[PDB]
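Undergrad: One structure is given below, represented as structure tokens, and several questions about it will come after.
8 protein chains.
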Amino acid sequence: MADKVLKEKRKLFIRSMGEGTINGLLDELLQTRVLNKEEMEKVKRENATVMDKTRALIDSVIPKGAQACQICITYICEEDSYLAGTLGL
Amino acid sequence: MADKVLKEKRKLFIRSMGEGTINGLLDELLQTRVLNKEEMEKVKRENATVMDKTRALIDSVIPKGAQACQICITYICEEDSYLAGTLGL
Amino acid sequence: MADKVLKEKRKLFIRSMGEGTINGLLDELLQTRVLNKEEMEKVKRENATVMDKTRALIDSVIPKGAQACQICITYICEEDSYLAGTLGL
Amino acid sequence: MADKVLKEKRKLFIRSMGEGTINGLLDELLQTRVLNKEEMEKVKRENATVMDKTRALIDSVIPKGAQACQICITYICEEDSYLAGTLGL
Amino acid sequence: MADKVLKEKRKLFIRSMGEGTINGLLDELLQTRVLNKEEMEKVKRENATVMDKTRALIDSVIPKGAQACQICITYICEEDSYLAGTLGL
Amino acid sequence: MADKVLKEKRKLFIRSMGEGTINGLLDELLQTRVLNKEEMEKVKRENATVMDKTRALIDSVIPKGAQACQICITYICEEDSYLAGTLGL
Amino acid sequence: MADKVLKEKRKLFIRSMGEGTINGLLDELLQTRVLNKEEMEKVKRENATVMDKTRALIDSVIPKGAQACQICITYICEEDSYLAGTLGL
Amino acid sequence: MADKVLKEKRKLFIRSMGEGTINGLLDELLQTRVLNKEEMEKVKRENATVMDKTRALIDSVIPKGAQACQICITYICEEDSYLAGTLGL
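Residue numbers (PDB author numbering), protein chains in the order written: chain B, 1 to 89; chain F, 1 to 89; chain E, 1 to 89; chain A, 1 to 89; chain D, 1 to 89; chain H, 1 to 89; chain G, 1 to 89; chain C, 1 to 89.
Next up, the structure:
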């Protein structure tokens, strides 16, 4: 399922993700109410570099289940197709 | 491929690339949808000089993959042939 | 009421709202004393791009309550009716 | 009495509190000697998000008694009436 | 003596203090060597809004002693007399 | 007093004040030494639009006290009486 | 040596030096290769008012040593002898 | 060897080092692949003042060994000859 596809690709996500994609992903995940203000503010403020924020986003989104993984992969595919292509999505 | 050759000459692009080339490259790359409004506005506004703009643009472009590098290298080759020649590309 | 409508269309505000609207709306809210000099100065200076300004304004105004939301929606309706019509509030 | 009005409104405060109002509240509490430099310093420095600073402020102000609660609610009312109305103070 | 006078007027300084006069006061303060380049650059760069600049300035200058307080209050009186009058010193 | 009048009509001053009035007011108020050279240069140089210049000027004049507002209200009444009549002061 | 002399008159340099002297001194100092394109572009672009440019230039030149101070003091004495005389060097 | 010289002059490096040459030195170390994106972005973003930037850079470069020290001192001597001369190299 989607959560697998996330969990064998953690290193590439850490290494290749950009900050604008982070902002858009937080907006998308907050819009669908799967994530609330607490953790989004936590990842935005407690972390300095973009890659640590990617780590926090991933290890916060994986335990939720397959639906959140499907949402985020759909978003990454639909607004940033090139990154999904170089990630093999 | 384009990614390694672009990463290899980072110093020369930082030191030699000018502001008009930055504006043209941002416009062309926005046209082909490699990057969206978010990060192009971010690199345009958050950075004062042009060398830091070059640094931020390279840091945004390298992780995107070889195809993203191909567009910008083709644009640089076809628009500022003198810069490409003095860069040896 | 205005608060749920304002929170529901957060992404549209992030993507579509412009800088002149930011200045006018912030002046309007400062005039009616819903926000004071501290956070207005902080949002004006701490954020470089306009969309971060929009995010800061939105997550500052949401906790205040419905009455604060009413002023914002009334101002945006009476000043930038094209934006209201395209966004449909 | 004031101290109760604080202790059964903890969730609403932590959910709807504002950061500029946090700065103002720390200034107010420091001015009237009820809080000194070191507790304010650990509240500002040891804590990253605004919700955690609200946690520290509340669990530091409640044990002191009713007078500090009276001062803080009076201040929150007397510059920031809109949240007080939302919070029913 | 000056130090308690500074301590009782912290809030008014935070609320009514001006940015360019912060620059001038930092210049004068650095001239007399009571504080060095490290903390002056710290207050200049780490802080975004002028109110936080004033907060850092005051809570850095108070612990030094009455001598620095006398120098800064004399400077504020001698170049910005109207501000001294509205502060009432 | 004067400061209350200036605070009340902030939006109208932002919207309805011209650049010639800005230059005249800056010259006259510099003559009376309410603010000195560095901050007048600051407000003149970092702001491009007249609206931003008015905003910065008001934000710098309000904290100075009632006597500062008296000078500018007297000048605007004496020099641009039509504007004063439109603003009703 | 020249370093203590230049550091001692820092306030006078901040207050008295004009923009034409900034341009001339910066060009001459760039010619001598004491500072390169990086920080000269930084000081030209990141700062708007002339005094902040002077502050940045002095903060850059002081650590460079006595020989660097000798070049700028000689240039000021040779090109703007009136300013050198009024500053007593 | 080199690292003896580096750790023997740590305080001088902290006190007299320049920001643009920090940018150049990070570029140099990143180019020669001894230093990668992780720690470079860490030192660039987590630190506000240039003195802390230099402190983190030294604390990261010393443990690597003598080769990195040789590379960095060579770059400093070739690009910042006056800084090396006043630094005793």
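Ideal placement from N, C-alpha and C gives every residue a C-beta, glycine not left out.
Take every Cβ of the region 60-71 of chain F, pair it with every Cβ of the region 39-57 of chain G, and state whether three or more of those distances are shorter than 8 Å.
TA: no
Undergrad: Let me know if C/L89 comes out buried or exposed under the rule of 16 or more other beta-carbons within 10 Å of its beta-carbon.
TA: exposed
Undergrad: Sort D/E46, D/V50, D/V5 by Cα distance to E/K37 and report the nearest one.
TA: D/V50
Undergrad: Suppose you measure from the CA of F/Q67 to the CA of C/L26; what does that come to, to the nearest Å?
TA: Taking the straight line from one Cα to the other gives about 27 Å.
Undergrad: Okay, do the region 65-85 of chain E and the region 17-32 of chain E touch, 3+ Cβ pairs below 8 Å being the bar?
TA: yes
Undergrad: Find the nearest neighbour of E/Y75 within the set E/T32, E/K7, E/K11, judged by alpha-carbon distance.
TA: E/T32
Undergrad: Helix, strand or coil: how does DSSP classify B/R33 here?
TA: coil
Undergrad: With a cut-off of 8 Å on the beta carbons, I'd call H/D3 and H/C69 a contact; round off their distance for me.
TA: The Cβ separation is near 5 Å, so the contact holds.
Undergrad: What distance in whole Å lies between the Cβ atoms of E/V34 and E/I71, which are believed to be in contact at a cut-off of 8 Å?
TA: 6 Å
Undergrad: Do you know how far the Cα of F/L12 is from the Cα of E/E8?
TA: 47 Å
Undergrad: Strictly under 7 Å for the Cβ-Cβ distance: is F/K11 near chain C by that measure?
TA: yes
Undergrad: Runs of 4 residues minimum, wholly inside the region 28-85 of chain B: which ones carry the alpha helix (DSSP H) assignment?
TA: 37-45, 50-61, 66-79
Undergrad: Looking at chain G, is there any beta carbon in it that lies within less than 7 Å of the beta carbon of C/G20?
TA: yes
Undergrad: Between the Cα of H/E79 and those of H/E28, H/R10, H/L6, spot the shortest distance and give me the residue it belongs to.
TA: H/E28
Undergrad: Under 8 Å, CB to CB, which of the residues in the region 41-67 of chain C have a partner in chain D?
TA: Listed by position along the chain: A48, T49, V50, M51.
Undergrad: So with Cβ pairs under 7 Å, would you call C/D80 a contact of chain F?
TA: With respect to chain F, the C-beta atom of C/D80 has no partner C-beta closer than 7 Å.
Undergrad: So, at 7 Å on beta carbons, what are the nonlocal neighbours of H/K53 in its own chain, with the 5 sequence-adjacent residues on each side left out?
TA: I22, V43, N47
Undergrad: Using DSSP with H/G/I as helix, E/B as strand and the rest coil, what is D/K4?
TA: Helix at D/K4.
Undergrad: Consult DSSP for F/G24 and reduce its assignment to one of helix, strand or coil.
TA: helix
Undergrad: Ordered along the chain, which non-local residues of its own chain (more than five positions away) have a Cβ less than 6 Å from that of A/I14?
TA: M51, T54
Undergrad: Rounding to the nearest angstrom, what Cα-Cα distance links H/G24 and E/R45 in this structure?
TA: Rounded to whole angstroms, H/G24 to E/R45 spans 28 Å at the Cα level.
Undergrad: Any beta carbon from chain G within less than 7 Å of C/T86's own beta carbon?
TA: It does: the Cβ of C/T86 has a partner Cβ on chain G nearer than 7 Å.
Undergrad: Would you verify that the beta carbon of F/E39 is, or is not, closer than 7 Å to some beta carbon of chain B?
TA: Taking Cβ atoms only, chain B reaches closer than 7 Å to F/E39, which makes this a yes.
Undergrad: Going by DSSP in three states, F/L12 sits in which element: helix, strand or coil?
TA: helix
Undergrad: Please classify G/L87: does DSSP put it in a helix, a strand, or coil?
TA: coil
Undergrad: Taking CB distances under 7 Å as the criterion, tell me whether A/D3 reaches chain D.
TA: no
Undergrad: Output needed for C/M1: all residues of its chain with C-beta closer than 6 Å, excluding positions within five of it in sequence on either side, in chain order.
TA: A66
Undergrad: Could you compute how far the alpha carbon of C/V5 sits from the alpha carbon of C/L30?
TA: Going from the Cα of C/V5 to the Cα of C/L30 covers about 22 Å.
Undergrad: Using only the alpha-carbon positions, how far apart do H/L87 and F/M40 sit?
TA: 42 Å
Undergrad: Within the 7 Å Cβ cut-off, does A/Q31 reach chain D?
TA: yes
Undergrad: Using only the alpha-carbon positions, how far apart do C/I73 and F/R10 sit?
TA: Rounded to whole angstroms, C/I73 to F/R10 spans 21 Å at the Cα level.
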